[PDB]
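Trainee: Would you mind keeping the following structure in view while I ask a few things?
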Amino acid sequence: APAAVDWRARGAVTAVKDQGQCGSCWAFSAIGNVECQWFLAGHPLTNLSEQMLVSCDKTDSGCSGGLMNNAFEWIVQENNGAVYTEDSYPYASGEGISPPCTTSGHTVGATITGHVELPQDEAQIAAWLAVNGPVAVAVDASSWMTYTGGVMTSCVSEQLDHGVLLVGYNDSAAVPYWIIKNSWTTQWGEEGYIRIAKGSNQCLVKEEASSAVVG
Ligand SMILES: *[C@H](CS(=O)(=O)Cc1ccccc1)[C@H](CCc1ccccc1)NC(=O)[C@H](Cc1ccccc1)NC(=O)OCc1ccccc1
């Protein structure tokens, strides 16, 4: 595979968002992945709605948690494959409470046909990402609260509890690393991003990788 890939360089990644006091990381991970896949399918980069999932995805638990795979399936099976634009369904869960789901007054910004679950292997995940784009992954974010920058070479890897987005990697660096987009504002980490060492399953990054498919 290529030595280094950074999808931000191809204009495929939207700006870092803010989940606030809501445990909606799974929604940001899922939507972030859809935003990138949609752009890669030949459409203009569009900000999509995490609120749609937090409020309407009943197979998940809003601010109490959820699974990116459940989110992908809900979109296809329950929402006719539709994903609203963020402007038409703004995020309003920053306080920790998800307002009721509204089935109208929104605009469809993207559509997906399904999703694939990637192998629990970093080399294989990197190969897929290099050609197909950003991947939604689950990680153990225990060590992430004190992250200020640089490549994290040691990460607590015990229990998956956070959903994020893999936007790239660099195998030619001193210590190969993954480039990850987080949803805790640009004030956290490296302008909202975090780089973790690649190759030793840091933060359990290879355990639950997946991506939406936009036919
Ligand atoms: C987002 C995490 S966060 O808020 O950014 C950081 C954090 C970690 C742990 C505890 C608090 C904050 C989600 C937080 C959920 C939550 C909220 C309040 C208390 C406890 C937990 N994390 C999730 O949503 C995780 C992400 C994940 C995705 C895939 C695989 C493993 C983890 N998912 C989760 O908890 O799902 C539970 C569930 C809910 C509904 C249906 C099935 C499973």
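Each chain in the structure tokens gets a letter, A, B, ..., in the order shown, and its residues are numbered from 1; ligands are numbered from 1 in order too.
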I need the residues in region 4-207 of chain A that are alpha helix (DSSP H) according to DSSP; give them as an MDAnalysis selection string.

Mentor: chainID A and resid 25:40 50:56 68:78 122:132

Trainee: List as a ChimeraX atom specification the protein and nucleic acid residues lying within 9 Å of ligand 1, with only C-alpha atoms and all ligand atoms counted.

Mentor: /A:19-27,29,58-70,137-142,144-145,159-164,182-184,207-209

Trainee: Report, in Å with one decimal, the straight-line distance from CA of residue 168 (chain A) to CA of residue 136 (chain A).

Mentor: 11.7 Å

Trainee: I want to know what sits within 9 Å of residue 51 (chain A), based on only C-alpha atoms, with residues of the same chain fewer than 6 positions away left out; could you give that as a VMD selection string?

Mentor: chain A and resid 24 27 62 86 89 to 93 98 to 99 101

Trainee: So that each row is one residue of region 145-189 of chain A with an atom at most 12 Å from region 111-126 of chain A, can you give its shortest atom pair and the distance in Å to one decimal, using only C-alpha atoms, rows by chain and rising number, as JSON lines?

Mentor:
```
{"residue": "A:166", "atom": "CA", "partner": "A:126", "partner_atom": "CA", "distance": 9.4}
{"residue": "A:167", "atom": "CA", "partner": "A:126", "partner_atom": "CA", "distance": 10.1}
{"residue": "A:168", "atom": "CA", "partner": "A:126", "partner_atom": "CA", "distance": 8.1}
{"residue": "A:169", "atom": "CA", "partner": "A:126", "partner_atom": "CA", "distance": 7.5}
{"residue": "A:170", "atom": "CA", "partner": "A:126", "partner_atom": "CA", "distance": 9.8}
{"residue": "A:171", "atom": "CA", "partner": "A:126", "partner_atom": "CA", "distance": 10.0}
{"residue": "A:176", "atom": "CA", "partner": "A:122", "partner_atom": "CA", "distance": 11.6}
{"residue": "A:177", "atom": "CA", "partner": "A:126", "partner_atom": "CA", "distance": 10.7}
{"residue": "A:178", "atom": "CA", "partner": "A:126", "partner_atom": "CA", "distance": 9.0}
{"residue": "A:179", "atom": "CA", "partner": "A:126", "partner_atom": "CA", "distance": 11.1}
```

Trainee: If I take CA of residue 195 (chain A) and CA of residue 45 (chain A), how far is one from the other in Å, to one decimal?

Mentor: 23.6 Å

Trainee: Record the distance separating CA of residue 100 (chain A) and CA of residue 212 (chain A), expressed in Å with one decimal.

Mentor: 25.2 Å

Trainee: So which residues touch residue 174 (chain A) within 12 Å, counting only C-alpha atoms, skipping near sequence neighbours fewer than 4 positions away, as a PDB file with N, CA, C and O atoms, in the first residue's frame?

Mentor:
```
ATOM      1  N   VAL A 151       2.614  12.225  18.594  1.00  0.00           N
ATOM      2  CA  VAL A 151       2.216  10.848  18.325  1.00  0.00           C
ATOM      3  C   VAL A 151       2.164  10.067  19.637  1.00  0.00           C
ATOM      4  O   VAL A 151       3.168   9.959  20.347  1.00  0.00           O
ATOM      5  N   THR A 153       2.496   7.083  21.623  1.00  0.00           N
ATOM      6  CA  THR A 153       3.180   5.800  21.464  1.00  0.00           C
ATOM      7  C   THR A 153       2.745   4.715  22.446  1.00  0.00           C
ATOM      8  O   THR A 153       3.101   3.547  22.287  1.00  0.00           O
ATOM      9  N   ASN A 170       0.663   7.286   8.188  1.00  0.00           N
ATOM     10  CA  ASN A 170       1.986   7.604   7.670  1.00  0.00           C
ATOM     11  C   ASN A 170       2.950   6.526   8.147  1.00  0.00           C
ATOM     12  O   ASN A 170       3.281   6.461   9.330  1.00  0.00           O
ATOM     13  N   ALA A 197       0.260   5.615  17.480  1.00  0.00           N
ATOM     14  CA  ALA A 197       1.179   4.691  16.828  1.00  0.00           C
ATOM     15  C   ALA A 197       0.395   3.595  16.110  1.00  0.00           C
ATOM     16  O   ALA A 197      -0.632   3.123  16.599  1.00  0.00           O
ATOM     17  N   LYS A 198       0.890   3.219  14.938  1.00  0.00           N
ATOM     18  CA  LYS A 198       0.274   2.203  14.094  1.00  0.00           C
ATOM     19  C   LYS A 198       1.098   0.919  14.090  1.00  0.00           C
ATOM     20  O   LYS A 198       2.330   0.966  14.056  1.00  0.00           O
TER      21      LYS A 198
END
```

Trainee: Taking only C-alpha atoms into account, name the residue in A:211, A:199, A:154, A:192 that is nearest to residue 31 (chain A).

Mentor: A:211

Trainee: Can you tell me, as a ChimeraX atom specification, what residues are no more than 10 Å from residue 79 (chain A) when counting only C-alpha atoms, ignoring any on the same chain fewer than 2 positions away?

Mentor: /A:56-57,73-77,81-83,103,111

Trainee: Per DSSP on the backbone, what are the strand (DSSP E or B) residues of region 160-208 of chain A, as an MDAnalysis selection string?

Mentor: chainID A and resid 162:170 177:181 184 190 193:197

Trainee: Can you work out which one of A:105, A:150, A:189, A:133 has the shortest atom-to-atom distance to residue 34 (chain A), counting only C-alpha atoms?

Mentor: A:133
